[PDB]
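Examining the three-dimensional arrangement
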Amino acid sequence: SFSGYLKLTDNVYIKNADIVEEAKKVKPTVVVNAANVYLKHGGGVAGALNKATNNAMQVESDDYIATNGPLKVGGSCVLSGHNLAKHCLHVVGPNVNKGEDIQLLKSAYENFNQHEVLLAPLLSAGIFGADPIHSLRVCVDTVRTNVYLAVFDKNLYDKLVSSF
Ligand SMILES: O=C(Nc1ccc(C(=O)NCc2c(C(=O)O)[nH]c3ccccc23)cc1)NC1CC1
């Protein structure tokens, strides 16, 4: 099971870890991907998860978009977790670097409530441009199911814990 996580609330836990390595070790029921609306997994968490699947995540994602069209910002879809998890919940948080509305971050975290337990990154953080301290606050105030947050950067992890 999940190990070495610091407890933040009744249901939110956090660890300084690479979500790829965490997923390979735990093989959770659900791993969250920090997706974009086109499911083009180029960089950040999405690029790293896709690379770990040997591009199988991108092949499945392209078939999903060809059938269904793009997701909405704040929306999600459930696909295979391949070699990382039973399922991957692809969630689209707003990308501040593309000018998207930061109020959609709460809608993005609401997708997590459809799953009892998840391994996840902070949405809209990293290359999506939002303040990770804000993202953690919205996560704690929105998600009611059990969420295990993996924060790649050690210095950001320490700041997130110390300012919580
Ligand atoms: O390449 C990797 N891992 C690996 C590579 C990159 C990341 C990463 O961009 N993280 C930042 C991030 C966070 C976060 O950390 O809060 N949230 C986000 C939301 C959207 C986009 C990005 C982020 C994460 C993991 N592993 C290989 C070597 C075995």
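Residues numbered from 1 in each chain as written, not as in the entry; some residues may be left out. Heavy atoms only, no water.

Structure determination for this entry is recorded as X-ray crystallography, at 1.293 Å resolution.

1. Some details on unusual backbone geometry
A positive phi is found at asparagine 55, a non-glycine position, where the angle reads about 75°. Along the chain, the position of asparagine 55 falls in the loop between α2 (44–52) and α3 (56–68). (Helix = DSSP H or I, 4+ residues; strand = E, 2+ residues; numbered from the N terminus.)

2. Re the nonpolar core
Core analysis: the largest hydrophobic core is formed by 26 residues, its most contacted members being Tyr109, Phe112 and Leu149. Broken down by secondary-structure element, the contributors of at least two residues to this core are β2 (12–16), β3 (30–34), β5 (87–91), α4 (104–110), β6 (117–120), α5 (132–142), β7 (146–151) and α6 (154–162). Broken down by element, the residue count for this core peaks at four residues, all from α5. Setting aside residues up to four positions removed in sequence, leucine 149 forms contacts with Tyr5, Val12, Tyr13, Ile14, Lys15, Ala120, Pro121, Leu122, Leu136 and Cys139. Counting residues in hydrophobic clusters, the runner-up holds 17 residues, among them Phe2, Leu49, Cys88 and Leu119. (Core = buried A, V, L, I, M, F, W, Y, C linked by side-chain atoms within 4.5 Å. Buried < 20%, exposed > 50% of the residue type's maximum accessible area, 1.4 Å probe, protein only. Contact = heavy atoms within 4.5 Å.)

3. Observations regarding the site of the ligand
Near the ligand you find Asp18, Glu21, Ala34, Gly44, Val45, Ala48, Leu122, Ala125, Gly126, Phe128 and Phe152, and these make up its full shell. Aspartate 18 is positioned with one of its side-chain polar atoms (N or O) 2.8 Å from a nitrogen atom of the ligand. Contact with the protein chains hides 73% of the accessible area of the ligand, taken as 620 Å² for the molecule alone. Judged by its atoms lying within 2 Å of the grid points, the ligand is housed in the largest pocket. (Near = heavy atom within 4 Å. Polar contact = N/O pair within 3.5 Å; in protein donor to acceptor, adjacent residues only side chain to side chain. Areas by Shrake-Rupley, 256 points an atom, 1.4 Å probe, with all protein chains shown as cover. 1 Å grid on protein atoms, 1.4 Å probe; cavity = no way out; pocket = protein on both sides within 12 Å on 5 of 7 lines; lining within 4 Å. Sits in = over half its atoms within 2 Å of the grid points.)

4. Quick look at the packing of aromatic side chains
The final tally for this structure, using the stated rule, is five aromatic pairs. The interplanar angle of 5° and the centroid separation of 3.9 Å between the aromatic rings of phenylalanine 2 and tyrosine 148 together place this pair among those described as stacked. A residue pair is termed long-range when its members are at least 10 positions apart, and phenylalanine 2 in the segment before β1 (6–7) and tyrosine 148 in strand β7 qualify at 146 residues. Taken individually, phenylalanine 2 and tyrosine 148 each receive the classification buried, so the pair is uniform in this respect. Here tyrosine 148 falls in the buried class, since its relative accessible area comes to 16%. An aromatic cluster is built from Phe2, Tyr5, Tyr13 and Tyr148, whose rings are joined through pairwise contacts. (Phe/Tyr/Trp six-rings, centres within 6.5 Å; stacked < 30°, edge-to-face > 60°.)

5. Observations regarding the packing of α5 against α6
Where α5 contacts α6, the axes come no closer than 10 Å and their chain directions differ by 55°. Comparing the axis directions of α5 and α6 gives the class oblique. α6 is crossed by α5, and the crossing has right-handed handedness. Mapping the contact onto sequence places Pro132, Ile133 and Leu136 in α5 and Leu156, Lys159 and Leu160 in α6. Taken together, the residues that form the contact of α5 with α6 break down as five nonpolar, no polar and one charged. (Axes fitted to C-alpha atoms, helices over the stretch in contact; angles between N-to-C directions. Parallel < 35°, antiparallel > 145°, perpendicular 65-115°, else oblique. Left-handed = near helix turned anticlockwise from the far one by under 90°. Nonpolar A, V, L, I, M, F, W, Y, C, P; charged D, E, K, R; others polar.)

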